[PDB]
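Take a look at this one chain, the form deposited in one PDB entry, written out in structure tokens.
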């Protein structure tokens, strides 16, 4: 028996596909479910549930043919109807999926989600059981990548109506991906087995994947040294076994611009300019992460061949003396003799505590500001963050497709990925313009203009750009970790 041993670190938020919208949920979900496409070894979308597609001359209407003999774990056929149902479901305002904006690529999607349009004016329709037609608002070169995103995964319509909570346990789960969910001990472990109903089961070489939920990267490393894990993190305080692989996105902090004292732009800028991202990566993380002096990470090539982040340059760098000046100026503007109490809230986990402590110490040392730390587990932390309950909070962004607009759309007014209360009409206009811009050089210019404005008003503090550095059992081969998107294990062997 070949059993791959990995660590998920924590409990998935949700296995209802559009709901989790995070690594902890979607790393495992990506291996028990499947979209129309799946990203391959070269990170390009390849036929998965769709065996092929046709695109109209105007580049807006995609017609997908569903694989013959694609089946759910319960033996039901995977139909075009399951995709139509799932996509209209994810857009349903009553559902409140944070990922619903990803459905706005579909004509009528934004209108439906916003209550200004009808469900059946969302332009996704099953023409027959094996034919799915979708019309986009505008051409989208990354659409075939987007439909590998878990938000776009099908749901078995029959199963969903019979039991609307099917996704909540292994016993009731019905999936269509390379592995079958066979055990889910909440907060302890996940087990999945090679799925004997899967269309491409002959490709799948592993018998089982077991997912631990060990949140201490030190205990992780110990489990790797003892042989209990096939893959593991590299501990900061340590330094052929090691695999360095890119991952777009960043670690950052959010302010709430409607909670004192962060209504004042100078106070926000002061805090942002106090943080020294190089010190964080050099003295805390220590996994060769790039310090983040902007929001959009490395990895996005421009029309001119340059990297977007390289071309844009640093937008925010530590400047202690200027920070002190701006804090003084902002406090005077608000008639503050002393700053109101500030709490920095992070999600309960050793790395987040160690970074929050560094930020706490730096703010004290640079500005003389005392912040108190608070923490809660990710699942409720995320709910509270979305609800705008935190003054100042640990934040993470992974792009959903491989373009800077994935990052920049986050900070539109009221966006599910904003969570700061920041509401800049000029920013909103730049994003709208970029979303409607067919000329790529122009579109890139608009995106740099937007990013400069975002960083200038400092509703956020960028900290560091991600990567995926791991130890791996040399007897495991063929794990595919993508720069944008979730781990693929279907090709792996041991």
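Residue numbers count along the first chain shown, from 1.
Keep in mind that the form deposited in another entry is not shown, yet the notes after this line are about it.
- A summary of the domain motion between this form and the one not shown places the hinge between the two rigid parts at 247, out of the options 155, 308, 179, 247.
- Shown here is a form in which the CA atoms of residue 145 and residue 304 lie at least 3 Å farther apart than they do in the other form.
- With a change of no less than 3 Å, the CA-CA distance between residue 44 and residue 300 is smaller in the other form than in the form shown.
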